[PDB]
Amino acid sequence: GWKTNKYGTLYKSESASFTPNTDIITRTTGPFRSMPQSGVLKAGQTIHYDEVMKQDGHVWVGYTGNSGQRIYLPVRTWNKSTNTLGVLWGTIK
């Protein structure tokens, strides 16, 4: 199951470490590609996430940055019509 918020984002807690195999643009504010860029997570780097979201065509993970701000990044596609996931863009440990 998933919790749901006022933007219709499906979300819950999950804690793991994600290492992308390609550069990924990270977002502030929320799990949408239209949100501002926080930075770039380079292939091979690792973030430790505490939240997972289904929104805007993707599964996103959320973490807290060094400035105390929330950061959001997409790790694979999510087709809401079928609840089908795409290939993971890296590895999770």
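From 1 onward, residues are counted along the sequence shown.
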| item | value |
| --- | --- |
| Out of 57, 62, 39, 65, highest CA B-factor residue | 39 |
| Third assignment of residue 71 from its chain's C-alpha B-factors | lowest |
| Residue 17 by Cα B-factor - lowest, middle or highest third of the modelled chain | highest |
| Entry-reported Cα temperature factor of residue 52, expressed as the chain third it lands in | lowest |
| Chain thirds of CA B-factor: placement of residue 87 | lowest |
